[PDB]
Amino acid sequence: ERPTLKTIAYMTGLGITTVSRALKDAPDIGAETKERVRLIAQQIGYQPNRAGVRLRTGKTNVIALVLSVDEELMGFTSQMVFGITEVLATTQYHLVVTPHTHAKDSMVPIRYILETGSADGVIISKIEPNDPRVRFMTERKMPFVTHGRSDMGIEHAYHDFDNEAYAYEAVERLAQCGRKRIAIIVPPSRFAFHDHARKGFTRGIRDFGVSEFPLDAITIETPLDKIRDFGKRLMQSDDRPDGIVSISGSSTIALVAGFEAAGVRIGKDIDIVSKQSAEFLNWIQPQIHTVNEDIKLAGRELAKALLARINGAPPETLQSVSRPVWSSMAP
Amino acid sequence: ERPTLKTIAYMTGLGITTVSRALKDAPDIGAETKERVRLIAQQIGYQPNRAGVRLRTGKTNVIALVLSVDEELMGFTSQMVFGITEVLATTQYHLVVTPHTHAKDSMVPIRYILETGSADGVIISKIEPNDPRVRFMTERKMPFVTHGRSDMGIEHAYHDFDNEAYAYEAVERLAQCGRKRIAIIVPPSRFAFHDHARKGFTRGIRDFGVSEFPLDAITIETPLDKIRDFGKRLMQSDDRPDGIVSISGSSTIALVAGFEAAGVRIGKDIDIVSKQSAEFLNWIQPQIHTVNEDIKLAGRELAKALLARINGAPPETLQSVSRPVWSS
DNA sequence: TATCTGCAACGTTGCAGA
DNA sequence: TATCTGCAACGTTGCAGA
């Protein structure tokens, strides 16, 4: 009962080839014949059998999203998926998820994809300054887009958050509060935005004329129980920071836990600026000055890039950077 | 130059059918040619064309996960995905995702799958007492599994959290907390576990002999921007309940926000027990009494159930219910 | 017997004609 | 010329035959 090109050709009494050539934009076929086929196609509900189109022509009509299984607790990764799927909804693409179970495994799904040819484009995250997957797919000619930017001299489609702007805008608000010494929970040295964050913070500390409390012992992906204990004894030592800037809201939740374990009130004792992947943090402590990283917006703009790239628009167009916006609920 | 059965057959040089039949361990092909075919196959190293197979046989080797586009903010839906994929990683299945965005559009994706025959199994959530998707796939002989249970008299593979057990246990510890008035946050009467929650909870209050504050005014699906004032307006009242139970940590977060604006100290005045899809609430509130629903645990056995049903195992083997745990 | 083998076909499209 | 169309093949397996 499912309609096929054969099924259409029979009713029309046309040639299967005519139908195939009719459904697709072609000068070869006649206007009336075309419109006949485009109309009958719409009425019966004909959707091309994919396995058939994939067997003959390379087209997989599949977009692969690769995910590291270890993720930020509050990374609301699900929002990214919905951003993409919303975009893909108009088109013939399907979204497959292919995760890897550690940074050690980071190239294995990508070689899988290129080797079996099971995708028309790939979406990747956790970009490093010199990232091998970026070079692998560019040199193997695979359309892709990255959540993050790269410092390797390759122009590729991407959308990132302007964390350089974020850090610079982050302490200006701490300066506005009057806070004189600031610490940053910087991201891992391996990832690209680490240096993005540190640039904004370094120019931020310079231009606002405020001193910078430093911390080298901990990073965002350092464990949350461990962040809790660390957070507690700063405030216990004679020198405590006046300001705190966090790049991840999940690491953020563990830092406050130690502070009130230490027994300090935010707002009055220390004020915190933090990024959030969904607006949730002011419910628990509205004191926190929050910036929203709209990630399903990232989800939607990653999708739009990769599609344009699958068509064949050049990479330098397809690049985009999200600017910080300051949360509804923040002071 | 990607190797195909023809490529192997050319090299060996055997018959394509011999090559195919060797790799599927078959009785026809002789022991020595099989290790020849399997040794060369591994070395080059051959992957069957998914398209070539899918066109030739019905099997699509794809699992469709259907997701409500609107989900509780703290649903850690991402955890479930990983739970699912862990199971499929050993297998030949891929996981494709299929979303809808309107409640009426509840079944639009489901027929897309059937209409297209673009999946070997399907996963769905947000189950209703008589849900149209559940019998639709049951009558179309389409293998599927649900996150939740259904009251339509149809037996199907599922995995749910024992909310009836949880609700009864919620009332026990509020007795332990000493609180004499109890409130219950329930899902919309739209959903099935709504009665599961209220049955365990109302049975709980009879046995613990302590009474339930009514609070029929709000449900979990009420905006967190609205459940707020309710929170502040309730404790800012002539009578405040001594104990409160939440089914959603997403609603737990907003209600306490109202509680602290009005100024009630949790722990001392009011004690709260709440459901959790991942351990995040005691980082946020150390005194709140937390129970963990491991959702990627849900994810793996929804996966494990659906596989069994696709091979054709009977539906009732496939049913599972997780008992609640009170955390670390 | 053991052990191998071609044909035919799923739905689509490129190419060479009608 | 201007539209139309059959043949073949993409890779795979069930099947009969040897």
# chains A, B, ... in the order shown; residues from 1 in each chain; ligands from 1
$ closest_atom_pairs --of "chain C" --to "chain A" --cutoff "7 Å" --atoms "only C-alpha atoms (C1' of nucleotides)" --output "Markdown table"
| residue | atom | partner | partner_atom | distance |
| --- | --- | --- | --- | --- |
| C:11 | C1' | A:52 | CA | 4.5 |
| C:12 | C1' | A:52 | CA | 4.7 |
| C:13 | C1' | A:56 | CA | 6.5 |
$ interface_residues --of "chain B" --to "chain C" --cutoff "7 Å" --atoms "only C-alpha atoms (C1' of nucleotides)" --output "list in words"
residues 15, 18, 28, 29, 30, 55 and 56 of chain B
$ atom_distance --atom1 "CA of residue 126 in chain B" --atom2 "CA of residue 295 in chain A"
23.8 Å
$ residues_around --residues "residue 79 in chain A" --least-positions-apart "3" --cutoff "10 Å" --atoms "only C-alpha atoms (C1' of nucleotides)" --output "NGL selection string"
(:A and (75-76 or 82-84 or 277-278 or 294-300)) or (:B and (69-70 or 73 or 77-78))
$ closest_residue --among "B:27, B:263, B:200, B:52" --to "chain A" --atoms "only C-alpha atoms"
B:52
$ residues_around --residues "residue 307 in chain A" --least-positions-apart "2" --cutoff "12 Å" --atoms "only C-alpha atoms (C1' of nucleotides)" --output "JSON, numbers by chain"
{"A": [61, 62, 63, 64, 84, 87, 88, 90, 91, 92, 93, 120, 121, 122, 123, 143, 144, 145, 157, 300, 301, 302, 303, 304, 305, 309, 310, 311, 312, 313, 314, 315, 318]}
$ write_last_selection --atoms "N, CA, C and O atoms" --output "compact mmCIF listing (two decimals), in the first residue's frame"
# COMPACT_ATOMS: atom_id res chain seq x y z
N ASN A 61 20.66 11.35 3.79
CA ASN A 61 19.66 12.17 4.48
C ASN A 61 19.70 11.95 5.98
O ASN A 61 18.66 11.81 6.64
N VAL A 62 20.92 11.91 6.51
CA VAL A 62 21.16 11.73 7.94
C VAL A 62 22.17 12.75 8.45
O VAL A 62 23.21 12.97 7.84
N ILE A 63 21.85 13.37 9.58
CA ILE A 63 22.80 14.22 10.26
C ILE A 63 23.17 13.57 11.58
O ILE A 63 22.31 13.24 12.39
N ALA A 64 24.47 13.38 11.79
CA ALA A 64 24.96 12.71 12.99
C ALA A 64 25.42 13.71 14.04
O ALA A 64 26.26 14.57 13.78
N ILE A 84 18.16 21.48 17.01
CA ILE A 84 18.50 20.86 15.73
C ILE A 84 17.27 20.27 15.06
O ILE A 84 17.00 20.53 13.88
N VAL A 87 14.87 22.56 13.40
CA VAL A 87 15.39 22.99 12.10
C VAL A 87 15.21 21.91 11.05
O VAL A 87 14.79 22.17 9.92
N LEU A 88 15.51 20.68 11.44
CA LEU A 88 15.50 19.55 10.52
C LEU A 88 14.09 19.15 10.11
O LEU A 88 13.89 18.45 9.12
N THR A 90 11.54 20.69 8.69
CA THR A 90 11.11 21.03 7.34
C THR A 90 11.70 20.07 6.29
O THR A 90 11.06 19.76 5.29
N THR A 91 12.94 19.64 6.53
CA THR A 91 13.71 18.83 5.58
C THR A 91 13.55 17.31 5.67
O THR A 91 12.82 16.79 6.51
N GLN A 92 14.31 16.61 4.82
CA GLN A 92 14.33 15.15 4.75
C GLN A 92 15.41 14.49 5.59
O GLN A 92 15.63 13.28 5.48
N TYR A 93 16.09 15.28 6.41
CA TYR A 93 17.13 14.74 7.27
C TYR A 93 16.59 14.07 8.54
O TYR A 93 15.57 14.48 9.09
N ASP A 120 25.53 12.62 6.17
CA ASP A 120 25.79 13.70 5.22
C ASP A 120 26.48 14.89 5.87
O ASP A 120 27.11 15.71 5.18
N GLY A 121 26.36 14.99 7.18
CA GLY A 121 27.09 15.98 7.95
C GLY A 121 27.19 15.58 9.40
O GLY A 121 26.39 14.79 9.89
N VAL A 122 28.15 16.17 10.11
CA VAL A 122 28.41 15.79 11.49
C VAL A 122 28.46 17.02 12.39
O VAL A 122 28.97 18.07 11.99
N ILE A 123 27.93 16.89 13.59
CA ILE A 123 27.98 17.96 14.58
C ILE A 123 28.83 17.50 15.75
O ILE A 123 28.57 16.44 16.32
N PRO A 143 31.25 17.20 5.33
CA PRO A 143 30.60 18.40 5.87
C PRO A 143 30.40 18.29 7.37
O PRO A 143 29.98 17.23 7.85
N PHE A 144 30.71 19.35 8.10
CA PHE A 144 30.56 19.33 9.55
C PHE A 144 30.46 20.73 10.13
O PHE A 144 30.76 21.72 9.46
N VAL A 145 30.05 20.80 11.39
CA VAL A 145 29.95 22.06 12.10
C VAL A 145 30.36 21.80 13.54
O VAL A 145 30.14 20.70 14.05
N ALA A 157 32.48 25.74 9.57
CA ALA A 157 31.24 26.22 10.12
C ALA A 157 31.20 25.97 11.62
O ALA A 157 31.57 24.89 12.09
N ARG A 300 19.84 25.27 17.09
CA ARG A 300 19.24 25.71 15.83
C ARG A 300 20.25 26.30 14.85
O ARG A 300 20.08 26.16 13.64
N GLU A 301 21.29 26.95 15.36
CA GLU A 301 22.26 27.59 14.48
C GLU A 301 23.34 26.63 13.99
O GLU A 301 23.91 26.83 12.91
N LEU A 302 23.61 25.59 14.77
CA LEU A 302 24.47 24.50 14.31
C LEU A 302 23.82 23.75 13.15
O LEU A 302 24.48 23.42 12.16
N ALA A 303 22.53 23.50 13.29
CA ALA A 303 21.75 22.81 12.28
C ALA A 303 21.77 23.59 10.98
O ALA A 303 22.05 23.04 9.91
N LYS A 304 21.45 24.88 11.07
CA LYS A 304 21.39 25.75 9.90
C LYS A 304 22.72 25.86 9.17
O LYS A 304 22.75 25.97 7.94
N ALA A 305 23.82 25.83 9.92
CA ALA A 305 25.15 25.89 9.33
C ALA A 305 25.45 24.65 8.50
O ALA A 305 25.86 24.73 7.34
N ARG A 309 26.13 24.06 4.61
CA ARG A 309 27.41 23.47 4.28
C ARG A 309 27.25 22.19 3.45
O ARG A 309 28.08 21.89 2.60
N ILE A 310 26.18 21.45 3.71
CA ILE A 310 25.90 20.25 2.92
C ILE A 310 25.51 20.67 1.50
O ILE A 310 25.81 19.97 0.53
N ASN A 311 24.85 21.82 1.39
CA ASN A 311 24.55 22.38 0.07
C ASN A 311 25.84 22.76 -0.63
O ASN A 311 26.08 22.37 -1.77
N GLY A 312 26.74 23.39 0.12
CA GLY A 312 28.04 23.78 -0.39
C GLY A 312 28.40 25.26 -0.30
O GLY A 312 29.24 25.74 -1.06
N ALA A 313 27.76 25.98 0.61
CA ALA A 313 28.13 27.36 0.84
C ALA A 313 29.47 27.34 1.57
O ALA A 313 29.73 26.44 2.37
N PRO A 314 30.33 28.33 1.31
CA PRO A 314 31.66 28.37 1.93
C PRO A 314 31.60 28.61 3.44
O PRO A 314 30.71 29.30 3.92
N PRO A 315 32.57 28.04 4.18
CA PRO A 315 32.68 28.03 5.64
C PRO A 315 32.63 29.40 6.31
O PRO A 315 32.04 29.52 7.39
N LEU A 318 29.15 30.60 7.10
CA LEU A 318 28.52 29.75 8.12
C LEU A 318 29.00 29.89 9.57
O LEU A 318 28.56 29.13 10.44
$ select_by_dssp --residues "range 108-301 of chain A" --states "helix (DSSP H, G or I)" --output "MDAnalysis selection string"
chainID A and resid 108:116 132:139 163:177 193:207 224:233 249:262 281:283 295:301
$ residues_around --residues "residue 88 in chain B" --least-positions-apart "2" --cutoff "10 Å" --atoms "only C-alpha atoms (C1' of nucleotides)" --output "PyMOL selection string"
chain B and resi 62-63+82-86+90-95+300+303-304+307
$ closest_residue --among "B:243, B:204, B:286, B:187" --to "chain A" --atoms "only C-alpha atoms"
B:286
$ select_by_dssp --residues "range 84-281 of chain A" --states "strand (DSSP E)" --output "VMD selection string"
chain A and resid 94 to 100 121 to 124 144 to 146 157 to 161 182 to 185 243 to 246 271 to 276
$ residues_around --residues "residue 171 in chain A" --least-positions-apart "6" --cutoff "12 Å" --atoms "only C-alpha atoms (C1' of nucleotides)" --output "PyMOL selection string"
chain A and resi 164-165+177-184+197+200-212+242-246+271-274+289-290
$ write_last_selection --atoms "N, CA and C atoms" --output "CSV table (one decimal), in the first residue's frame"
chain,number,residue,atom,x,y,z
A,164,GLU,N,34.6,35.3,25.6
A,164,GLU,CA,35.6,36.3,25.8
A,164,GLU,C,34.8,37.6,26.2
A,165,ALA,N,33.7,37.9,25.5
A,165,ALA,CA,32.8,39.0,25.9
A,165,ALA,C,32.3,38.7,27.3
A,177,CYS,N,29.5,46.2,41.6
A,177,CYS,CA,29.2,45.8,43.0
A,177,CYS,C,30.2,46.3,44.0
A,178,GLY,N,31.4,46.6,43.5
A,178,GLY,CA,32.5,47.2,44.3
A,178,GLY,C,33.5,46.2,44.7
A,179,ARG,N,33.3,44.9,44.3
A,179,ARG,CA,34.2,43.8,44.6
A,179,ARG,C,35.7,44.1,44.0
A,180,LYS,N,36.7,43.9,44.9
A,180,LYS,CA,38.1,44.3,44.5
A,180,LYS,C,39.0,43.2,44.1
A,181,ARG,N,38.7,41.9,44.4
A,181,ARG,CA,39.5,40.8,44.1
A,181,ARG,C,38.7,39.7,43.5
A,182,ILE,N,39.1,39.2,42.3
A,182,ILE,CA,38.3,38.3,41.6
A,182,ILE,C,39.0,37.1,41.1
A,183,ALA,N,38.3,35.9,41.2
A,183,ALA,CA,38.8,34.6,40.8
A,183,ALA,C,37.9,34.1,39.7
A,184,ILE,N,38.5,33.2,38.9
A,184,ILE,CA,37.8,32.7,37.7
A,184,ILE,C,37.9,31.2,37.8
A,197,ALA,N,38.1,32.5,27.6
A,197,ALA,CA,37.7,33.0,29.0
A,197,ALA,C,38.8,33.9,29.6
A,200,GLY,N,39.2,37.5,28.1
A,200,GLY,CA,38.2,38.5,28.6
A,200,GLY,C,38.5,38.8,30.1
A,201,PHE,N,38.9,37.9,30.9
A,201,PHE,CA,39.2,38.1,32.3
A,201,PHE,C,40.4,38.9,32.4
A,202,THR,N,41.4,38.7,31.6
A,202,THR,CA,42.7,39.5,31.7
A,202,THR,C,42.5,40.9,31.3
A,203,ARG,N,41.7,41.2,30.2
A,203,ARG,CA,41.4,42.5,29.8
A,203,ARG,C,40.4,43.1,30.7
A,204,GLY,N,39.5,42.3,31.3
A,204,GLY,CA,38.5,42.7,32.3
A,204,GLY,C,39.1,43.2,33.6
A,205,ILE,N,40.2,42.5,34.0
A,205,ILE,CA,40.9,42.9,35.3
A,205,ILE,C,41.7,44.2,35.0
A,206,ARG,N,42.2,44.3,33.8
A,206,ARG,CA,43.0,45.5,33.4
A,206,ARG,C,42.2,46.8,33.3
A,207,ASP,N,41.1,46.7,32.5
A,207,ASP,CA,40.2,47.8,32.2
A,207,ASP,C,39.3,48.3,33.4
A,208,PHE,N,39.0,47.4,34.3
A,208,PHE,CA,38.2,47.7,35.4
A,208,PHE,C,39.1,48.1,36.6
A,209,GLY,N,40.4,47.9,36.4
A,209,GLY,CA,41.4,48.4,37.4
A,209,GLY,C,41.3,47.7,38.7
A,210,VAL,N,40.7,46.5,38.7
A,210,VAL,CA,40.5,45.7,39.9
A,210,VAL,C,41.6,44.6,39.9
A,211,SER,N,41.9,44.1,41.1
A,211,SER,CA,42.9,43.1,41.2
A,211,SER,C,42.3,41.8,41.1
A,212,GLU,N,43.1,40.8,40.6
A,212,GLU,CA,42.6,39.5,40.4
A,212,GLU,C,43.1,38.4,41.3
A,242,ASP,N,37.0,38.6,46.7
A,242,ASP,CA,35.8,39.5,46.7
A,242,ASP,C,34.9,39.2,45.6
A,243,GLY,N,35.4,38.6,44.5
A,243,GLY,CA,34.5,38.3,43.4
A,243,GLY,C,34.8,36.9,42.8
A,244,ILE,N,33.8,36.3,42.2
A,244,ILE,CA,34.0,35.0,41.6
A,244,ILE,C,33.3,35.0,40.3
A,245,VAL,N,34.0,34.5,39.3
A,245,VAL,CA,33.5,34.3,38.0
A,245,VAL,C,33.5,32.9,37.6
A,246,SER,N,32.4,32.3,37.2
A,246,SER,CA,32.3,30.9,36.8
A,246,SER,C,31.9,30.8,35.4
A,271,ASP,N,29.8,38.2,45.9
A,271,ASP,CA,28.8,38.1,44.8
A,271,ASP,C,29.4,37.3,43.7
A,272,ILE,N,28.6,36.5,43.0
A,272,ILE,CA,29.0,35.6,42.0
A,272,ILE,C,28.4,35.9,40.7
A,273,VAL,N,29.2,35.8,39.6
A,273,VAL,CA,28.7,35.9,38.3
A,273,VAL,C,28.9,34.5,37.6
A,274,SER,N,27.8,34.0,37.0
A,274,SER,CA,27.9,32.7,36.4
A,274,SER,C,27.1,32.6,35.1
A,289,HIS,N,24.6,36.7,39.8
A,289,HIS,CA,24.4,37.5,38.6
A,289,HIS,C,24.5,36.5,37.4
A,290,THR,N,23.4,36.3,36.7
A,290,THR,CA,23.4,35.2,35.7
A,290,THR,C,23.3,35.7,34.3
$ atom_distance --atom1 "CA of residue 72 in chain B" --atom2 "CA of residue 269 in chain B"
27.5 Å
$ residues_around --residues "residue 193 in chain B" --least-positions-apart "2" --cutoff "8 Å" --atoms "only C-alpha atoms (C1' of nucleotides)" --output "VMD selection string"
chain B and resid 148 to 149 163 187 191 195 to 197
$ write_last_selection --atoms "C-alpha atoms" --output "short mmCIF file (atom, residue, chain, number, x, y, z; two decimals), in the first residue's frame"
data_model
loop_
_atom_site.label_atom_id
_atom_site.label_comp_id
_atom_site.auth_asym_id
_atom_site.auth_seq_id
_atom_site.Cartn_x
_atom_site.Cartn_y
_atom_site.Cartn_z
CA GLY B 148 5.49 4.90 32.10
CA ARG B 149 2.40 2.66 32.30
CA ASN B 163 5.60 6.21 42.19
CA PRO B 187 0.96 15.59 37.62
CA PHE B 191 -1.20 11.59 32.76
CA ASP B 195 -3.44 8.15 40.16
CA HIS B 196 -0.42 6.01 41.03
CA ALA B 197 0.95 8.93 43.02
#
$ closest_residue --among "A:161, A:326, A:280, A:136" --to "chain B" --atoms "only C-alpha atoms"
A:280
$ closest_residue --among "A:321, A:218, A:8, A:66" --to "chain B" --atoms "only C-alpha atoms"
A:66
